[PDB]
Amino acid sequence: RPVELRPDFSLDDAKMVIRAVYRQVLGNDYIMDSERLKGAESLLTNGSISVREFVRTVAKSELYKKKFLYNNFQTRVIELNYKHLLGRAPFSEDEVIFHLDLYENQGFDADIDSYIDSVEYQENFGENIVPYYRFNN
């Protein structure tokens, strides 16, 4: 029922999954054709990478960074990551502080990896499902 990439997905199914990912991860802000990561898209469509690896790619791109990172304090960036990548809001200040320090020490890419590498993300979306806003956890 959530936007998924089942095996033997058709070429249409991939385009649809790709749109879902752009919508989710770039926070429902439709992006110009020039902003698309066609190389990445193409690889997903071939079966070389999974939905999850595609999500990670978009979240670490200049496209995401320009929209959410460069013109925000990290505390707001973290909120946005939770929303885009985990489909929810932080439960606590603790959760933010954690990512705050991870970003301070390990940098932005590593922080992004952390949301997507989480057990929470594995259990909810795994390799083939596009993160969606869970109104209930």
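All residue numbers refer to positions in the sequence shown, first residue = 1.
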| property | result |
| --- | --- |
| Which of 56 to 64 and 23 to 31 has higher mean CA B factor, as the PDB entry lists it | 23 to 31 |
| Stretch with the higher entry mean CA B-factor, where the candidates are 79 to 87 and 32 to 40 | 32 to 40 |
| Residue 129, C-alpha B-factor rank within chain (lowest, middle or highest third) | lowest |
| Chain thirds of CA B-factor: placement of residue 101 | lowest |
| Assigned third (lowest, middle, highest) for the C-alpha B factor of residue 93 | highest |
| Chain-relative CA temperature factor third for residue 116 | lowest |
| Third of the chain's Cα B-factor distribution that residue 74 belongs to, per the entry | middle |
